[PDB]
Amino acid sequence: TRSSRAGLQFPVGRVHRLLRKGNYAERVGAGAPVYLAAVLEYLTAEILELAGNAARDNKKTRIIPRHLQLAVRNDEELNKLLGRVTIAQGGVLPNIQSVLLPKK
């Protein structure tokens, strides 16, 4: 498989197919699906890594939506890339404006 030659877990052939059927251009080079597949895989690895940690920090072994939200909002770069995206069932980061805290 093309993914094997590229050393990827993501489906190079599928990515190629989706690029063609997406009407992005008249033609698609051979390397584009490989490059794109690799990027998709890396971004996936990046989020699963942070979400997994989020799960471990909650004494849990299965990643749920809340963990993906925590991973993204707590990371400057991912939060920006996903700045106009809503993660269903992710809730929000704990945060209370200081002025609303009880006057010590």
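The first residue of the shown sequence is 1; numbering continues from there.
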{"query": "Mean C-alpha temperature factor, higher of 76 to 84 and 15 to 23", "finding": "15 to 23"}
{"query": "Residue range whose averaged C-alpha B-factor is higher in the record, 86 to 94 or 6 to 14", "finding": "6 to 14"}
{"query": "Lowest, middle or highest third - CA B-factor, residue 65", "finding": "lowest"}
{"query": "Record-listed C-alpha B factor of residue 57: chain third", "finding": "highest"}
